[PDB]
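Peer 1: Contents of input_24.csv (CSV, C-alpha atoms) are given next:
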chain,number,residue,atom,x,y,z
A,1,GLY,CA,80.3,36.2,-43.1
A,2,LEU,CA,77.2,35.0,-45.0
A,3,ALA,CA,74.7,37.5,-46.3
A,4,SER,CA,71.6,37.4,-44.1
A,5,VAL,CA,67.9,38.4,-44.2
A,6,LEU,CA,67.6,40.8,-41.3
A,7,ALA,CA,64.0,42.2,-41.8
A,8,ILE,CA,61.0,41.5,-44.0
A,9,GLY,CA,58.1,43.8,-45.0
A,10,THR,CA,55.2,43.2,-47.3
A,11,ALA,CA,52.3,45.3,-48.6
A,12,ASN,CA,49.3,44.9,-51.0
A,13,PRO,CA,46.9,47.3,-52.7
A,14,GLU,CA,43.8,48.4,-50.6
A,15,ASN,CA,41.3,46.5,-52.8
A,16,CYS,CA,40.6,42.9,-52.1
A,17,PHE,CA,38.9,40.5,-54.6
A,18,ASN,CA,37.3,37.3,-53.3
A,19,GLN,CA,37.9,34.6,-55.8
A,20,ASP,CA,34.3,33.3,-55.5
A,21,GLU,CA,33.1,36.6,-56.8
A,22,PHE,CA,35.8,37.3,-59.3
A,23,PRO,CA,34.2,35.6,-62.4
A,24,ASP,CA,31.0,37.6,-62.1
A,25,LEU,CA,33.0,40.8,-61.6
A,26,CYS,CA,35.6,40.2,-64.3
A,27,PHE,CA,33.2,39.5,-67.1
A,28,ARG,CA,31.1,42.5,-66.1
A,29,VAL,CA,33.9,45.0,-66.0
A,30,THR,CA,35.4,43.7,-69.3
A,31,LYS,CA,32.0,44.1,-71.1
A,32,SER,CA,32.0,40.3,-71.7
A,33,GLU,CA,28.9,39.0,-69.8
A,34,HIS,CA,27.5,37.7,-73.1
A,35,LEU,CA,30.3,35.1,-73.5
A,36,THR,CA,28.5,32.7,-71.1
A,37,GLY,CA,30.4,29.6,-72.0
A,38,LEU,CA,33.7,31.3,-71.5
A,39,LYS,CA,32.6,32.9,-68.2
A,40,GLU,CA,31.8,29.3,-67.2
A,41,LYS,CA,35.2,28.0,-68.1
A,42,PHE,CA,36.7,30.9,-66.0
A,43,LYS,CA,34.6,29.9,-63.0
A,44,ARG,CA,36.2,26.4,-63.3
A,45,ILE,CA,39.7,27.7,-63.4
A,46,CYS,CA,39.1,30.0,-60.4
A,47,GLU,CA,37.9,27.2,-58.4
A,48,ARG,CA,40.8,25.0,-59.4
A,49,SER,CA,43.2,27.8,-58.5
A,50,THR,CA,43.2,27.4,-54.7
A,51,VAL,CA,43.4,31.2,-54.6
A,52,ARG,CA,40.8,32.5,-52.2
A,53,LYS,CA,41.8,36.3,-52.3
A,54,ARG,CA,43.9,38.6,-54.4
A,55,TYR,CA,44.7,42.3,-54.0
A,56,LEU,CA,44.7,44.4,-57.1
A,57,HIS,CA,45.4,48.0,-57.8
A,58,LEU,CA,42.8,47.9,-60.5
A,59,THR,CA,39.2,48.8,-59.5
A,60,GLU,CA,36.0,49.1,-61.4
A,61,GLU,CA,36.5,52.9,-61.0
A,62,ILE,CA,40.0,52.8,-62.6
A,63,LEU,CA,38.6,50.6,-65.4
A,64,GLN,CA,35.9,53.1,-66.4
A,65,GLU,CA,38.6,55.8,-66.3
A,66,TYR,CA,40.7,53.6,-68.7
A,67,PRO,CA,38.3,51.5,-70.9
A,68,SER,CA,41.2,50.3,-73.1
A,69,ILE,CA,42.7,48.2,-70.3
A,70,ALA,CA,39.3,46.4,-70.0
A,71,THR,CA,39.3,45.1,-73.6
A,72,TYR,CA,41.2,42.2,-75.0
A,73,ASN,CA,43.8,43.9,-77.2
A,74,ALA,CA,43.0,47.6,-77.8
A,75,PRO,CA,45.9,50.0,-77.5
A,76,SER,CA,46.4,50.4,-73.8
A,77,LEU,CA,50.2,50.7,-72.9
A,78,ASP,CA,50.2,54.4,-72.4
A,79,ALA,CA,47.3,54.2,-69.9
A,80,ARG,CA,49.0,51.2,-68.1
A,81,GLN,CA,52.2,53.2,-67.8
A,82,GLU,CA,50.4,56.3,-66.5
A,83,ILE,CA,49.0,54.0,-63.7
A,84,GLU,CA,52.1,52.1,-63.0
A,85,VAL,CA,55.0,54.6,-63.0
A,86,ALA,CA,53.1,56.3,-60.2
A,87,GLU,CA,51.8,53.3,-58.3
A,88,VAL,CA,54.8,50.9,-58.4
A,89,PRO,CA,57.0,53.3,-56.3
A,90,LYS,CA,54.2,53.9,-53.8
A,91,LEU,CA,53.6,50.2,-53.0
A,92,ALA,CA,57.3,49.6,-53.0
A,93,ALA,CA,57.6,52.4,-50.4
A,94,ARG,CA,55.0,50.7,-48.2
A,95,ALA,CA,56.6,47.3,-48.2
A,96,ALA,CA,60.1,48.9,-47.7
A,97,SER,CA,58.8,51.2,-44.9
A,98,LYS,CA,57.6,48.1,-43.1
A,99,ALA,CA,60.9,46.3,-43.5
A,100,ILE,CA,62.9,49.4,-42.3
A,101,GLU,CA,60.5,49.6,-39.3
A,102,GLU,CA,61.2,46.0,-38.3
A,103,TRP,CA,65.0,46.5,-38.9
A,104,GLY,CA,65.0,49.5,-36.6
A,105,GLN,CA,68.0,51.2,-38.1
A,106,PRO,CA,68.1,54.5,-39.9
A,107,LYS,CA,67.4,54.8,-43.7
A,108,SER,CA,70.9,56.4,-43.9
A,109,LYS,CA,72.7,53.1,-43.3
A,110,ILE,CA,71.1,51.7,-46.5
A,111,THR,CA,73.9,51.4,-49.1
A,112,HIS,CA,72.3,49.4,-51.9
A,113,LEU,CA,68.8,49.2,-53.5
A,114,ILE,CA,67.9,46.2,-55.7
A,115,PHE,CA,64.5,46.8,-57.1
A,116,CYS,CA,62.6,44.3,-59.2
A,117,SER,CA,59.4,45.2,-61.1
A,118,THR,CA,57.6,44.0,-64.2
A,119,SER,CA,55.7,47.3,-64.5
A,120,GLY,CA,56.3,50.9,-65.2
A,121,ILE,CA,59.3,51.1,-67.5
A,122,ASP,CA,60.5,54.7,-66.9
A,123,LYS,CA,63.7,56.8,-67.3
A,124,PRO,CA,64.5,57.5,-64.6
A,125,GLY,CA,63.3,54.2,-63.2
A,126,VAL,CA,60.9,53.4,-60.4
A,127,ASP,CA,64.1,53.0,-58.3
A,128,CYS,CA,64.8,56.7,-58.5
A,129,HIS,CA,61.2,57.6,-57.7
A,130,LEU,CA,61.4,55.2,-54.7
A,131,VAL,CA,64.6,56.9,-53.5
A,132,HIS,CA,62.8,60.2,-53.4
A,133,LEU,CA,59.6,58.8,-51.9
A,134,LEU,CA,61.2,56.7,-49.2
A,135,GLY,CA,63.9,59.2,-48.4
A,136,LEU,CA,66.9,57.1,-49.3
A,137,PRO,CA,70.5,58.3,-49.5
A,138,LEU,CA,71.3,59.8,-52.8
A,139,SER,CA,74.5,57.8,-52.9
A,140,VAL,CA,72.5,54.5,-52.7
A,141,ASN,CA,73.9,52.0,-55.2
A,142,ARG,CA,70.9,51.0,-57.3
A,143,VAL,CA,70.3,47.8,-59.4
A,144,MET,CA,67.0,48.2,-61.3
A,145,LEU,CA,65.6,44.9,-62.7
A,146,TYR,CA,62.6,45.4,-65.1
A,147,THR,CA,60.3,42.7,-66.5
A,148,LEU,CA,62.1,39.5,-65.6
A,149,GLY,CA,59.8,38.2,-64.1
A,150,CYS,CA,58.3,35.3,-62.0
A,151,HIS,CA,61.6,33.8,-60.9
A,152,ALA,CA,63.3,37.1,-60.1
A,153,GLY,CA,62.6,36.7,-56.4
A,154,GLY,CA,65.5,34.4,-56.5
A,155,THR,CA,67.5,36.7,-58.7
A,156,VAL,CA,67.3,39.6,-56.2
A,157,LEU,CA,68.6,37.3,-53.5
A,158,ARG,CA,71.4,36.2,-55.8
A,159,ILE,CA,72.5,39.7,-56.5
A,160,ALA,CA,71.9,40.8,-52.8
A,161,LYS,CA,74.3,38.1,-51.6
A,162,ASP,CA,77.2,39.2,-53.7
A,163,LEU,CA,76.5,42.9,-53.0
A,164,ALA,CA,76.1,42.4,-49.2
A,165,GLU,CA,79.2,40.1,-49.0
A,166,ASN,CA,81.6,42.1,-51.1
A,167,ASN,CA,81.0,45.5,-49.5
A,168,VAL,CA,81.9,45.6,-45.9
A,169,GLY,CA,79.2,47.3,-43.8
A,170,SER,CA,76.8,47.3,-46.7
A,171,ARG,CA,73.1,47.1,-46.0
A,172,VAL,CA,71.0,46.2,-49.0
A,173,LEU,CA,67.3,47.1,-49.4
A,174,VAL,CA,65.7,44.5,-51.8
A,175,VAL,CA,62.2,45.3,-53.1
A,176,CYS,CA,60.0,43.2,-55.4
A,177,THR,CA,56.8,45.0,-56.5
A,178,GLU,CA,54.4,43.4,-58.9
A,179,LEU,CA,51.2,45.0,-60.2
A,180,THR,CA,49.1,43.3,-62.8
A,181,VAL,CA,48.1,46.7,-64.3
A,182,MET,CA,50.3,46.0,-67.3
A,183,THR,CA,49.0,42.4,-68.0
A,184,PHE,CA,45.3,42.8,-67.2
A,185,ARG,CA,43.0,42.4,-70.2
A,186,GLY,CA,39.6,41.1,-71.1
A,187,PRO,CA,38.8,37.5,-72.1
A,188,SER,CA,39.0,35.8,-75.5
A,189,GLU,CA,38.1,32.2,-76.7
A,190,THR,CA,41.4,32.0,-78.6
A,191,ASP,CA,43.6,33.0,-75.6
A,192,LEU,CA,43.5,30.2,-73.0
A,193,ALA,CA,46.8,31.2,-71.2
A,194,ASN,CA,45.2,34.5,-70.5
A,195,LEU,CA,42.4,32.9,-68.5
A,196,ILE,CA,45.0,31.4,-66.3
A,197,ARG,CA,46.7,34.8,-65.9
A,198,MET,CA,43.4,36.2,-64.9
A,199,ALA,CA,42.6,33.6,-62.2
A,200,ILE,CA,46.0,33.2,-60.6
A,201,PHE,CA,48.0,36.4,-60.5
A,202,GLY,CA,47.5,39.1,-57.9
A,203,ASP,CA,49.4,42.2,-56.7
A,204,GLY,CA,52.0,42.6,-54.0
A,205,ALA,CA,55.2,44.1,-52.8
A,206,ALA,CA,57.9,42.6,-50.6
A,207,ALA,CA,61.1,44.0,-49.2
A,208,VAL,CA,64.0,42.7,-47.2
A,209,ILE,CA,67.1,44.1,-45.5
A,210,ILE,CA,70.1,42.0,-46.4
A,211,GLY,CA,73.5,42.4,-44.8
A,212,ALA,CA,76.6,40.4,-44.0
A,213,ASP,CA,78.0,40.3,-40.5
A,214,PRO,CA,75.1,41.8,-38.5
A,215,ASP,CA,75.6,43.8,-35.3
A,216,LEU,CA,74.1,41.2,-32.9
A,217,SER,CA,73.3,44.2,-30.6
A,218,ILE,CA,70.9,45.8,-33.1
A,219,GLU,CA,70.4,43.1,-35.8
A,220,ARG,CA,69.7,39.4,-35.9
A,221,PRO,CA,69.6,37.2,-39.0
A,222,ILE,CA,66.4,35.4,-39.9
A,223,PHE,CA,67.9,33.4,-42.8
A,224,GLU,CA,71.4,33.2,-44.2
A,225,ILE,CA,71.8,33.1,-48.0
A,226,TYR,CA,74.2,30.2,-48.3
A,227,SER,CA,74.3,29.9,-52.1
A,228,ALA,CA,72.4,31.0,-55.2
A,229,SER,CA,72.3,29.5,-58.7
A,230,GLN,CA,70.4,30.2,-61.9
A,231,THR,CA,69.9,27.9,-64.8
A,232,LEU,CA,68.2,27.6,-68.2
A,233,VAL,CA,66.2,24.5,-69.0
A,234,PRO,CA,67.2,23.3,-72.6
A,235,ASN,CA,64.7,23.9,-75.4
A,236,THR,CA,62.0,25.6,-73.4
A,237,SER,CA,62.1,29.2,-74.7
A,238,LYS,CA,58.5,30.0,-75.6
A,239,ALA,CA,57.2,27.8,-72.7
A,240,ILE,CA,56.7,31.2,-70.9
A,241,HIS,CA,56.2,34.2,-73.2
A,242,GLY,CA,55.6,37.9,-73.1
A,243,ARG,CA,56.2,41.2,-74.8
A,244,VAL,CA,55.6,44.8,-74.0
A,245,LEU,CA,53.4,45.8,-77.0
A,246,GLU,CA,51.0,48.6,-77.7
A,247,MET,CA,48.4,46.4,-75.9
A,248,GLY,CA,50.6,46.1,-72.8
A,249,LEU,CA,52.5,43.0,-71.7
A,250,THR,CA,51.3,39.8,-73.3
A,251,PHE,CA,51.5,36.4,-71.6
A,252,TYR,CA,51.8,32.7,-72.5
A,253,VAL,CA,52.5,29.8,-70.3
A,254,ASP,CA,52.7,26.3,-71.9
A,255,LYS,CA,51.0,23.3,-70.4
A,256,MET,CA,54.4,21.6,-70.0
A,257,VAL,CA,55.7,23.9,-67.2
A,258,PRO,CA,54.3,22.1,-64.1
A,259,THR,CA,55.7,18.7,-65.3
A,260,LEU,CA,58.8,20.3,-66.9
A,261,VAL,CA,59.7,22.0,-63.6
A,262,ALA,CA,59.1,18.8,-61.7
A,263,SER,CA,61.4,17.0,-64.1
A,264,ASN,CA,64.3,19.5,-63.7
A,265,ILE,CA,64.0,20.1,-60.0
A,266,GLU,CA,66.3,17.3,-58.9
A,267,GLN,CA,69.3,18.3,-60.9
A,268,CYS,CA,69.0,21.8,-59.5
A,269,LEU,CA,68.5,20.4,-56.0
A,270,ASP,CA,71.5,17.9,-56.2
A,271,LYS,CA,73.7,20.7,-57.5
A,272,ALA,CA,72.7,22.8,-54.6
A,273,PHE,CA,72.8,20.4,-51.6
A,274,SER,CA,75.6,18.0,-52.5
A,275,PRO,CA,78.2,20.3,-50.9
A,276,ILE,CA,76.1,20.1,-47.7
A,277,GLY,CA,75.5,16.4,-47.8
A,278,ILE,CA,71.8,16.6,-47.9
A,279,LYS,CA,69.8,14.1,-50.1
A,280,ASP,CA,66.5,13.8,-48.2
A,281,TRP,CA,64.2,16.5,-49.6
A,282,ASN,CA,61.8,16.1,-46.6
A,283,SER,CA,64.6,17.2,-44.2
A,284,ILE,CA,64.8,20.7,-45.6
A,285,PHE,CA,62.2,23.4,-45.6
A,286,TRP,CA,60.6,24.6,-48.8
A,287,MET,CA,59.8,27.9,-50.5
A,288,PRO,CA,59.0,27.1,-54.1
A,289,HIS,CA,57.4,29.8,-56.2
A,290,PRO,CA,53.7,28.8,-56.6
A,291,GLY,CA,53.1,29.6,-60.2
A,292,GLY,CA,49.9,27.6,-59.7
A,293,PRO,CA,48.6,24.6,-57.7
A,294,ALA,CA,49.9,22.1,-60.3
A,295,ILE,CA,53.5,23.1,-60.0
A,296,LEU,CA,53.2,22.4,-56.3
A,297,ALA,CA,51.4,19.1,-56.8
A,298,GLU,CA,54.0,17.9,-59.4
A,299,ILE,CA,56.9,18.9,-57.1
A,300,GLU,CA,55.3,17.0,-54.2
A,301,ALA,CA,54.8,14.0,-56.4
A,302,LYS,CA,58.2,13.8,-58.1
A,303,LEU,CA,60.2,14.3,-54.8
A,304,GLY,CA,57.9,12.4,-52.5
A,305,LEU,CA,57.4,15.4,-50.3
A,306,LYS,CA,55.2,14.9,-47.3
A,307,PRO,CA,51.9,16.8,-47.3
A,308,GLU,CA,52.9,19.5,-44.8
A,309,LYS,CA,56.1,20.6,-46.5
A,310,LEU,CA,54.5,23.2,-48.7
A,311,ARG,CA,52.0,24.6,-46.1
A,312,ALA,CA,53.6,28.1,-46.1
A,313,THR,CA,53.7,28.3,-50.0
A,314,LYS,CA,50.1,27.2,-50.2
A,315,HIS,CA,49.1,29.7,-47.6
A,316,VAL,CA,50.6,32.6,-49.6
A,317,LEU,CA,49.1,31.4,-52.9
A,318,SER,CA,45.7,31.0,-51.1
A,319,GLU,CA,45.7,34.3,-49.4
A,320,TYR,CA,47.4,36.5,-52.0
A,321,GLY,CA,47.6,34.7,-55.3
A,322,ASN,CA,50.7,34.4,-57.4
A,323,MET,CA,52.4,37.8,-57.0
A,324,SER,CA,55.2,37.0,-59.5
A,325,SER,CA,58.7,38.0,-58.2
A,326,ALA,CA,57.4,38.9,-54.7
A,327,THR,CA,55.7,35.7,-53.9
A,328,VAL,CA,58.7,33.7,-52.5
A,329,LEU,CA,59.5,36.7,-50.2
A,330,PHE,CA,56.0,36.6,-48.8
A,331,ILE,CA,56.7,32.9,-48.2
A,332,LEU,CA,59.8,33.8,-46.3
A,333,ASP,CA,57.8,36.1,-44.1
A,334,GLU,CA,55.0,33.5,-43.6
A,335,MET,CA,57.4,30.8,-42.5
A,336,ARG,CA,59.4,32.7,-40.0
A,337,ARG,CA,56.3,34.2,-38.4
A,338,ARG,CA,54.7,30.8,-38.4
A,339,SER,CA,57.7,29.1,-36.7
A,340,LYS,CA,57.7,31.7,-33.8
A,341,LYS,CA,54.0,31.2,-33.3
A,342,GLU,CA,54.4,27.4,-33.1
A,343,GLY,CA,57.6,27.9,-31.0
A,344,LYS,CA,59.7,25.9,-33.4
A,345,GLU,CA,63.5,25.5,-32.8
A,346,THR,CA,64.5,27.6,-35.8
A,347,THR,CA,63.0,30.2,-38.2
A,348,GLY,CA,62.7,27.6,-40.9
A,349,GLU,CA,60.0,25.3,-39.5
A,350,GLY,CA,62.6,23.9,-37.0
A,351,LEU,CA,64.9,22.5,-39.7
A,352,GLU,CA,68.4,23.9,-40.4
A,353,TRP,CA,68.5,24.1,-44.2
A,354,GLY,CA,65.9,25.0,-46.8
A,355,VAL,CA,65.5,25.9,-50.5
A,356,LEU,CA,63.9,28.9,-52.2
A,357,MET,CA,63.1,28.4,-55.9
A,358,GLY,CA,61.8,30.7,-58.6
A,359,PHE,CA,60.5,29.5,-62.0
A,360,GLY,CA,60.2,31.9,-64.9
A,361,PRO,CA,60.6,32.8,-68.5
A,362,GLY,CA,63.5,30.9,-70.0
A,363,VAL,CA,62.5,28.5,-68.7
A,364,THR,CA,64.7,29.8,-65.8
A,365,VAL,CA,65.1,28.1,-62.4
A,366,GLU,CA,66.6,30.1,-59.6
A,367,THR,CA,67.8,28.0,-56.7
A,368,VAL,CA,68.7,29.6,-53.3
A,369,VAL,CA,70.0,27.6,-50.4
A,370,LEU,CA,68.8,29.1,-47.1
A,371,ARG,CA,70.1,28.5,-43.6
A,372,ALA,CA,67.7,28.8,-40.6
A,373,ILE,CA,68.9,30.6,-37.5
A,374,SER,CA,67.7,30.1,-33.9
Could you write out this structure as C-alpha cells?
Peer 2:
Amino acid sequence: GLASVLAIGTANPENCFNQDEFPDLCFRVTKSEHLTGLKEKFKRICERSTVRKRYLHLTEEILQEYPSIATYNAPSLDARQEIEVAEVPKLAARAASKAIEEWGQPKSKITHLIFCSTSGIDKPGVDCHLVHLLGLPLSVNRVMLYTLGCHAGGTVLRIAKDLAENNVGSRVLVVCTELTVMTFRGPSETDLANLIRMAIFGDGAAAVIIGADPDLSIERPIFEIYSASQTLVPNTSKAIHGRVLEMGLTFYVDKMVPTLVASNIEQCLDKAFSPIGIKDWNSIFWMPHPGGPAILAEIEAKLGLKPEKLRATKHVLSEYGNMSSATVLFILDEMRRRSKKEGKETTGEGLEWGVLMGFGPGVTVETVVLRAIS
C-alpha cells in the first residue's frame, strides 16, 4: 500500500524567451543598456547556463505597467503581489486541470490539496483561490507551503506520502507553481548572485495525483513513493538566502553549493538505498533538481555517473530553465513519457529504482526513493 503517482500535468506561461535573445532584452527592459561590461558578463552566464528557453509571466508590457519591478531595488512588493496573488492560482489551475484530465476521475474524489508556491503570500492563500478556480471540494484538506523553495518538490512528495497512506481512499492533488515575478529585478555590479538568478530561473507549474492502493480498473501507478527524507547540511545557512522585503524576494546562492551538494550526496544516498541493498548509483534512475549545470556536473563527477543518466534532468533545464520546486516534477513527466516512447521495460528508464532530490535553502537536501512500475 505505497503512495503512488497516478497522473502528472504541467503548464507554463504563454510567453517564451529564447536564451540567445535574453541578454539584449533584459538590459533593455531594465533600463540598463548603458552598463555594457555587465551586459557582456550576463551574455557569458546565459551561454554557460545550458538553458535554451524559459517561460515567464513577465512581459515587456507588464514591465512598463510596473516600472518598479524593472529596477534593482526600488519598492516593488505591492506590485509583485498584485501580479502574483492573481496569476499563481491560474497557472496552478492549468497544471492541475491537465493532471485531472490524465487521471480521468472526478474532481470530487480529491481529498487533499498540497500547494507549494514561493509567490503571492495572501490570506486566504492561493490554495483557497485554487479551490474556487478549479472547482475543488470545499472539504478538501489543504496544506499550503509558502516560500520554501527550491527543494520543496521533494517536500510535497514527502507530505503527500504520509497523507495518501494514512487516509484510506484519499486522493491527493499536489501542485507546485513557481513564478519569478517576486524575484525579478534589474542588474547591479555589486550583486553577482542576481545575474545567476536572471539567467537560470524560469516559470512553471506541475501537479500530480497521489494515492495509495489505486483501483487498477481506473488508475495505474507511474511511480511509487517508497521513502522520503529531509536533511540539513551543517554550517551552510546563508549558502542560499532570501527575504521578502519591500523590494520583493531577495536571493543569494554561494559558490560552494555545487561542490557542497556533491560532497553530501553520498550520505543521503546511502541512508536512502541501504535498506534496498543498492550501492551502484548507475543502476538507479535519476531526478536531481538542476539548480544549474554545475550541480549536475559535480554530481556526475563525484558519483561516477555515466553520461546518459541525467538526460531527463538536462532536458528539463534546457527546455524550461530552473523552475524551483516544480522542476523535479517536470523531470518525472519527462522520464515516464520518454520511457514509453523508447518502449523501455519500466516507467523509470527501464530500471526498477530511482532517486528524486531537491536542494534548497538550509542547505536542505530532500531525498525521495521512487519505484518504477511496468
Peer 1: Find the residue from A:64, A:71, A:325, A:76 that sits nearest to residue 366 (chain A); use all atoms listed in the file when measuring.
Peer 2: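 Of A:64, A:71, A:325, A:76, the one nearest residue 366 (chain A) is A:325, counting all atoms listed in the file.
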Peer 1: Could you work out how far CA of residue 154 (chain A) lies from CA of residue 259 (chain A), giving the answer in Å with one decimal?
Peer 2: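 If I compute the distance from CA of residue 259 (chain A) to CA of residue 154 (chain A), I get 20.5 Å.
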Peer 1: Kindly provide, as a list in words, the polymer residues lying within 8 Å of (74.6, 36.5, -43.1), counting all atoms listed in the file and using the coordinates exactly as they appear in the file.
Peer 2: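 Those residues, ordered by chain and then number, are residues 1, 2, 3, 4, 5, 210, 211, 212, 213, 214, 221, 223, 224 and 225 of chain A.
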Peer 1: Compile a residue-level contact table for region 161-190 of chain A against region 251-257 of chain A at a cut-off of 12 Å, reporting for every qualifying residue the shortest atom pair and its distance in Å to one decimal, with only C-alpha atoms counted, rows ordered by chain and ascending number, as CSV.
Peer 2:
residue,atom,partner,partner_atom,distance
A:180,CA,A:251,CA,11.4
A:182,CA,A:251,CA,10.6
A:183,CA,A:251,CA,7.4
A:184,CA,A:251,CA,9.9
A:185,CA,A:251,CA,10.5
Peer 1: Between A:163, A:326, A:268, A:175, single out the one closest to residue 126 (chain A), counting only C-alpha atoms.
Peer 2: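 Of all the options, A:175 lies closest to residue 126 (chain A).
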Peer 1: With all atoms listed in the file as the counted atoms, please give the residues lying no more than 12 Å from residue 311 (chain A), apart from itself and same-chain residues fewer than 6 positions off, as a PDB file with C-alpha atoms, keeping the file's coordinate frame.
Peer 2:
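File selection32.pdb, as written:
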ATOM      1  CA  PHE A 285      62.200  23.400 -45.600  1.00  0.00           C
ATOM      2  CA  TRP A 286      60.600  24.600 -48.800  1.00  0.00           C
ATOM      3  CA  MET A 287      59.800  27.900 -50.500  1.00  0.00           C
ATOM      4  CA  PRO A 288      59.000  27.100 -54.100  1.00  0.00           C
ATOM      5  CA  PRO A 290      53.700  28.800 -56.600  1.00  0.00           C
ATOM      6  CA  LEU A 296      53.200  22.400 -56.300  1.00  0.00           C
ATOM      7  CA  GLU A 300      55.300  17.000 -54.200  1.00  0.00           C
ATOM      8  CA  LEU A 305      57.400  15.400 -50.300  1.00  0.00           C
ATOM      9  CA  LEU A 317      49.100  31.400 -52.900  1.00  0.00           C
ATOM     10  CA  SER A 318      45.700  31.000 -51.100  1.00  0.00           C
ATOM     11  CA  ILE A 331      56.700  32.900 -48.200  1.00  0.00           C
ATOM     12  CA  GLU A 334      55.000  33.500 -43.600  1.00  0.00           C
ATOM     13  CA  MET A 335      57.400  30.800 -42.500  1.00  0.00           C
ATOM     14  CA  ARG A 338      54.700  30.800 -38.400  1.00  0.00           C
ATOM     15  CA  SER A 339      57.700  29.100 -36.700  1.00  0.00           C
ATOM     16  CA  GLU A 349      60.000  25.300 -39.500  1.00  0.00           C
TER      17      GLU A 349
END
Peer 1: With all atoms listed in the file as the basis for distance, which of A:45, A:207, A:85, A:92 is at the shortest distance from residue 153 (chain A)?
Peer 2: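 The shortest atom-to-atom distance to residue 153 (chain A) comes from A:207.
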Peer 1: Which residues are near residue 38 (chain A)? Cut-off 12 Å, only C-alpha atoms, ignore same chain within fewer than 5 positions. Put them as an MDAnalysis selection string.
Peer 2: chainID A and resid 23:24 26:27 32:33 43:45 186:192 194:195
Peer 1: For residue 233 (chain A), which of A:361, A:78, A:99, A:220 is the closest residue, counting only C-alpha atoms?
Peer 2: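 Among the listed residues, A:361 lies closest to residue 233 (chain A).
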Peer 1: Which one is closest to residue 70 (chain A): A:302, A:54, A:109, A:31? Count all atoms listed in the file.
Peer 2: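 The closest residue to residue 70 (chain A) is A:31.
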Peer 1: Pick out the closest residue to residue 50 (chain A) from this set: A:166, A:73, A:313, A:97. Count all atoms listed in the file.
Peer 2: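 That would be A:313, the residue with the smallest distance to residue 50 (chain A).
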Peer 1: For residue 205 (chain A), please output as a list in words all residues within 7 Å (counting all atoms listed in the file; exclusion window: fewer than 2 positions along the same chain).
Peer 2: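 Surrounding residues, per the criterion: residues 10, 11, 12, 91, 92, 95, 176, 177, 178, 207 and 326 of chain A.
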Peer 1: Keeping only C-alpha atoms, take the residues you just selected and write them out as a JSON list (two decimals), keeping the file's coordinate frame.
Peer 2:
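Output (again00.json):
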[["chain", "number", "residue", "atom", "x", "y", "z"],
["A", 10, "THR", "CA", 55.20, 43.20, -47.30],
["A", 11, "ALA", "CA", 52.30, 45.30, -48.60],
["A", 12, "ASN", "CA", 49.30, 44.90, -51.00],
["A", 91, "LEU", "CA", 53.60, 50.20, -53.00],
["A", 92, "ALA", "CA", 57.30, 49.60, -53.00],
["A", 95, "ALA", "CA", 56.60, 47.30, -48.20],
["A", 176, "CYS", "CA", 60.00, 43.20, -55.40],
["A", 177, "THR", "CA", 56.80, 45.00, -56.50],
["A", 178, "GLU", "CA", 54.40, 43.40, -58.90],
["A", 207, "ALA", "CA", 61.10, 44.00, -49.20],
["A", 326, "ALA", "CA", 57.40, 38.90, -54.70]]
Peer 1: Find the distance between CA of residue 9 (chain A) and CA of residue 327 (chain A) and write it in Å to one decimal.
Peer 2: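 Here the two named atoms are 12.3 Å from each other.
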Peer 1: Produce the centre coordinates and the three edge lengths, each in Å to one decimal, of the box along x, y and z that contains all listed atoms of region 273-278 of chain A with 6 Å added on each side, as lines of an AutoDock Vina configuration file.
Peer 2:
center_x = 75.0
center_y = 18.4
center_z = -50.1
size_x = 18.4
size_y = 16.0
size_z = 16.8
Peer 1: State, in Å with one decimal place, the distance from CA of residue 283 (chain A) to CA of residue 262 (chain A).
Peer 2: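 About the pair CA of residue 283 (chain A) and CA of residue 262 (chain A): they are 18.4 Å apart.
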Peer 1: Quick one: residues within 12 Å of residue 271 (chain A), only C-alpha atoms counted, chain neighbours fewer than 3 positions away excluded, as a VMD selection string?
Peer 2: chain A and resid 227 to 231 264 to 268 274 to 279 355 366 to 369
Peer 1: If we count all atoms listed in the file, what is near residue 20 (chain A) at a cut-off of 9 Å, once residues fewer than 6 positions away on the same chain are taken out, given as a list in words?
Peer 2: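 Once the nearby chain positions are removed, what remains is residues 43, 46, 47, 52 and 53 of chain A.
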